[PDB]
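Residue numbers (the entry's author numbering), protein chains in the order written: chain C, 345 to 570; chain D, 345 to 570; chain E, 345 to 568. Ideal Cβ placement from N, Cα and C applies to all residues, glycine included.
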Ligand SMILES: *[C@@H]1O[C@H](CO)[C@@H](O)[C@H](O)[C@H]1NC(C)=O
Ligand SMILES: *[C@@H]1O[C@H](CO)[C@@H](O)[C@H](O)[C@H]1NC(C)=O
């Protein structure tokens with residue numbers, strides 16, 4: 345019986361606006377004799393909602409329990425222990441998780457790149473790049489919004505954090521968005537929202553527009569009619 | 345005892361300029377009774393050099409089987425076979441690897457993006473991105489050069505190919521090269537070479553320099569009547 | 345009976361992407377008693393496809409034979425031997441061929457020049473020259489491409505490498521492409537691909553057009 349209880353990820357916490365735990369238990373034969381419950385250091389019982397998934401092809405069943413806990417408990421590093429009881433287990437299987445301390449925190453620097461002109465000449469599609477670098481540790485959520493309305497999660501692809509070459513400890517990642525030529529030429533404004541723990545306000549935003557950085561042009565005419 | 349044969353990759357053959365074969369066998373109790381032999385499909389024997397690595401922490405041993413084969417035969421279609429004989433295994437284990445067929449070919453397009461103005465205003469470093477998108481299959485090699493001589497493999501980090509949601513079956517990838525602000529302000533030239541199967545010459549290059557894409561700031565129209 | 349066995353040059357290797365051998369035999373009387381077959385240094389029966397040509401006007405025949413070899417085998421340094429057997433020859437004629445060693449490597453410098461303004465003023469045609477200079481040894485392959493499409497080999501003529509008086513050992517060569525001015529005044533861009541054995545990636549490219557050379561900052565003009 346494989347009993348796993350992953351910690352709540354930062355991205356999931358920011359997306360769902362709540363703290364939910366999960367004790368994934370697999371390799372189960374009988375799903376009618378399972379019980380999943382979490383507790384604190386003192387021993388107070390925590391209301392845990394257990395759900396039963398489908399039957400795995402290897403004749404094994406899954407038991408998932410989820411509970412809602414106030415961010416303060418997890419943020420404080422309070423240890424959460426999962427309780428698993430089954431008829432095939434002579435003793436219950438329990439695991440303890442907490443927060444790893446001594447973690448470096450550096451606010452990420454966000455850079456937004458506009459589409460190359462040579463690409464626009466083909467009249468096919470434009471690509472806007474949102475670079476996020478110098479963040480610690482690897483927990484970053486990148487979201488693209490247009491005119492204050494979030495976009496669908498299909499139009500952009502977000503990479504995974506990778507170590508920086510010159511600076512150990514610093515990570516970096518970047519995502520791209522694909523838009524049609526006419527929408528870009530119309531004059532729409534796009535924004536890149538980045539969510540990180542080390543940020544003072546936890547949220548920073550960068551915007552891009554067709555008319556951004558265009559230098560002043562000069563049109564001089566001379567007659568010199570002696 | 346597990347037998348794992350790793351077929352050569354485009355980048356590996358493109359680098360060493362030769363085709364190499366790896367037949368990795370792990371979970372070996374005794375390393376003095378292992379025979380790694382490469383045999384062609386027809387029946388001819390291929391020389392294999394046996395090399396033994398260190399001892400794994402889990403009381404297991406691994407062996408490496410290396411064979412040299414002409415690159416013209418790898419894409420011909422004929423299969424290979426790595427034979428492993430050991431006292432523990434009652435019968436030898438065999439593996440079959442070849443080049444798959446049934447994948448369309450597409451020409452990657454290379455776009456070069458200069459660093460953002462905000463980063464240069466901060467005056468710390470500069471980031472050049474060599475985007476490579478619209479290709480199939482997923483074997484691409486990217487290298488950076490400046491003023492003819494190549495660059496060290498530590499100054500840039502590439503990303504594994506990822507599917508493009510807008511072009512099913514077409515992939516994309518991006519390479520980032522970090523340089524100092526002073527070197528960028530000098531007026532140096534940087535290039536990213538891309539190697540792919542579908543390219544007629546299998547080599548495509550793009551050039552970037554501080555002075556690129558600058559529009560016409562002035563427009564003087566001298567007139568006269570004489 | 346004369347037997348000629350040429351080596352596969354770099355130009356052919358790059359053009360057909362497959363190393364091929366040839367052992368031409370001339371001054372032949374009977375074509376029914378000729379057998380051409382290549383062999384390895386240690387001795388092997390290399391698959392040779394013998395072909396029969398026509399009859400020369402001087403009442404002599406000729407024969408050819410091809411044998412495919414993995415490129416690495418050739419550049420490795422192995423010497424070969426061509427086997428010729430005939431009823432009129434008491435002993436077979438064997439020739440040993442190999443590539444020379446001990447050659448300094450010089451990367452080719454590529455340059456592109458636009459047509460002269462007088463030729464355009466003539467309103468007839470144009471000629472673009474691709475200069476490949478300062479390279480050694482003398483084995484180069486120049487190809488032209490427009491709109492990412494290889495151009496008909498009847499449009500450009502290439503020159504065989506010639507020694508450079510300025511420096512000893514290095515060579516130089518160039519090719520010209522003729523295009524009418526009607527196509528030239530559309531802003532068409534032309535590419536000159538150079539293939540060599542000393543380049544890191546064996547391929548170099550250059551581009552030319554009207555916008556190449558004109559200043560980009562100011563736009564001075566006259567109205568008259
Ligand atoms: C500059 O002046 C010329 C006439 O001298 C005119 O054709 C052109 O439109 C002017 N530029 C702009 C940006 O209006
Ligand atoms: C420069 O002036 C000419 C007329 O002299 C005009 O045709 C052109 O549009 C002008 N350039 C720009 C960028 O407006």
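Residue 355 of chain C - containing alpha helix (DSSP H), residue span
354 to 360
How would you call residue 573 of chain D, buried or exposed, if buried means at least 16 neighbouring beta carbons within 10 angstroms?
The first residue shown for chain D is 345 and the last is 570, placing residue 573 of chain D beyond what the model contains.
Any heavy atom of ligand 2 within less than 7 Å of residue CB: hits in chain order:
C:561, C:563, D:560, D:563, D:565, E:563, E:565, E:567
Mind the definition here: the segment 514 to 525 of chain C touches the segment 461 to 472 of chain C only if three or more C-beta pairs lie below 8 Å; say whether that holds.
yes
Could one say the Cβ of residue 498 of chain C lies closer than 8 Å to chain D's Cβ atoms, at least one of them?
Against chain D, the CB of residue 498 of chain C has a partner CB under 8 Å away; the residue lies at that interface.
What distance in whole Å lies between the Cβ atoms of residue 534 of chain E and residue 488 of chain E, which are believed to be in contact at a cut-off of 8 Å?
7 Å
Neighbour list for residue 495 of chain E in chain D, Cβ cutoff strictly below 8 Å:
Scanning chain D for C-beta atoms nearer than 8 Å to the C-beta of residue 495 of chain E yields nothing, as the closest lies near 13 Å away.
I'd like to know if residue 386 of chain D contacts chain E, where contact means its C-beta is closer than 8 Å to some C-beta of that chain.
no
Please list the terminal residues of the continuous beta strand (DSSP E) segment that includes residue 457 of chain D.
453 to 457
Mapping the DSSP letters down to three states, classify residue 510 of chain D as helix, strand or coil.
coil
Quick check on residue 546 of chain C: does DSSP put it in helix, strand or coil?
coil
With the cut-off set at 8 Å, would you say residue 355 of chain C and residue 366 of chain C are in Cβ contact?
no
Please report the distance separating the alpha-carbon of residue 385 of chain C from that of residue 433 of chain C.
24 Å
In whole angstroms, what is the alpha-carbon distance linking residue 490 of chain E and residue 453 of chain C?
43 Å
Identify each residue in the segment 539 to 555 of chain C for which the Cβ-Cβ distance to at least one residue of chain D is less than 8 Å, and report them in chain order.
If the cut-off is 8 Å between Cβ atoms, the segment 539 to 555 of chain C has nothing near chain D.
Show which residues of chain C have a CB atom less than 7 Å away from the CB atom of residue 460 of chain D.
455, 457
Going by C-alpha distance, which of C:389, C:447, C:451, C:438 is nearest residue 545 of chain C?
C:451
Between the alpha carbons of residue 484 of chain C and residue 404 of chain D, how many angstroms are there, rounded?
Each residue's CA atom was taken as its position, placing residue 484 of chain C and residue 404 of chain D some 38 Å apart.
Should the segment 380 to 399 of chain E be called in touch with the segment 423 to 437 of chain E, which here means at least 3 C-beta pairs below 8 Å?
yes
Can you tell me which of the three DSSP states residue 570 of chain C falls into?
Of the three classes helix, strand and coil, the one that applies to residue 570 of chain C here is coil, per DSSP.
Given 8 Å as the limit, is there contact between the segment 368 to 380 of chain C and the segment 406 to 414 of chain C, that is, 3 or more CB pairs closer than that?
yes
With burial defined as no fewer than 16 other Cβ atoms inside 10 Å of the residue's Cβ, what is the status of residue 447 of chain C: buried or exposed?
exposed
Whole angstroms are fine: how far does the CA of residue 351 of chain E sit from the CA of residue 396 of chain E?
20 Å
Give me the residue from C:525, C:506, C:549 with the minimum Cα distance to residue 466 of chain C.
Looking at C:525, C:506, C:549, the one whose alpha-carbon comes closest to that of residue 466 of chain C is C:525.
Beta-carbon proximity list for residue 543 of chain E, same chain, < 8 Å, skipping 5 on both sides
Excluding residues within five positions, the ones whose Cβ falls inside 8 Å are 451, 452.
Smallest Cα separation from residue 532 of chain D: which of D:562, D:538, D:493, D:548?
It is D:493 whose Cα lies nearest to the Cα of residue 532 of chain D.
Does chain C have any CB closer than 8 Å to the CB of residue 446 of chain D?
no
Can you tell me the Cβ-Cβ gap for residue 363 of chain C and residue 415 of chain C, rounded? I've got them flagged as a contact below 8 Å.
5 Å
Leaving out five residues before and five after residue 475 of chain E in sequence, what residues of the same chain have Cβ atoms less than 6 Å from its Cβ?
So the list reads 455, 518, once near-sequence residues are dropped.
Per DSSP, residue 487 of chain D is paired with what?
D:537
Measuring only between beta-carbons, confirm whether residue 562 of chain D sits less than 8 Å from chain E.
For residue 562 of chain D, the answer is yes, since a Cβ of chain E falls inside 8 Å of its Cβ.
Is residue 457 of chain D closer than 8 Å to residue 577 of chain C when the C-beta atoms are compared?
Nothing about residue 577 of chain C can be reported from this structure: the residues present for chain C run from 345 to 570 only.
Going by the beta-carbon positions, is the gap between residue 550 of chain C and residue 536 of chain C smaller than 8 Å?
yes
CA-to-CA distance, residue 499 of chain C to residue 444 of chain C, given in whole angstroms
35 Å
Taking just the CA atoms, how far does residue 357 of chain E sit from residue 538 of chain E?
14 Å
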